[PDB]
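Next up is one chain by itself, shown in structure tokens, the form deposited without its partner chain.
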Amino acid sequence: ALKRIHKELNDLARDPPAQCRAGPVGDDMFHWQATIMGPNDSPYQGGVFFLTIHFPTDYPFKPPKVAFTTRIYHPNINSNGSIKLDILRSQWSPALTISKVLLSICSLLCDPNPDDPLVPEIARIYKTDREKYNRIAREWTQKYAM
């Protein structure tokens, strides 16, 4: 795992995805912090969202544990920062990297799945009143991610 994690860290220094950064918290190469900047034109714009990453000992055969530390208004992310996303569970691939996972999560922000939601109340508002969804997401971005 360690050599693969080192390789991913070097890739993030050299050529990170536009809105995404990640690196070890301190001495522990298996515990990272990440940031996603709020995508341009989304209600998350101007926001910085922190995540924790714990690599398992048999990474990359097993997925990293990824959760938001910053509160965010989204149907597939709860207030505890749990991300319900298939690539973090049964649809993980050892060819995915932290870089690709953070880019994948960033794309989930711009295009949520309200049909099979983690937070039904937020999904309901997303489907029925997009401008209300966007208003609340913008308020949460100002309140929690700035």
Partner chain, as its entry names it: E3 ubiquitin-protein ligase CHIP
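Residue numbers count along the first chain shown, from 1.
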Checklist outcome for this item: Assert higher mean C-alpha B factor (8-16 or 122-130, deposited values) equals 122-130
Item to check | Residue stretch of maximal mean CA temperature factor, 101-109 vs 22-30 | outcome: 22-30
Item to check | Candidate set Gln91, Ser82, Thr35, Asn40 [ranked by C-alpha B-factor, highest] | outcome: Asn40
Item to check | Among modelled residues of the same chain, the CA temperature factor third for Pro117 | outcome: highest
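The protein also exists as the form solved in complex with its partner chain; that form is not presented, and the subsequent description refers to it.
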Next on the checklist: Need the contact residues for 55-85: heavy atom within 4.5 Å of its partner chain in the bound PDB entry, sequence order, or none if there are none.
Outcome noted: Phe55, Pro56, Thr57, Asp58, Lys62
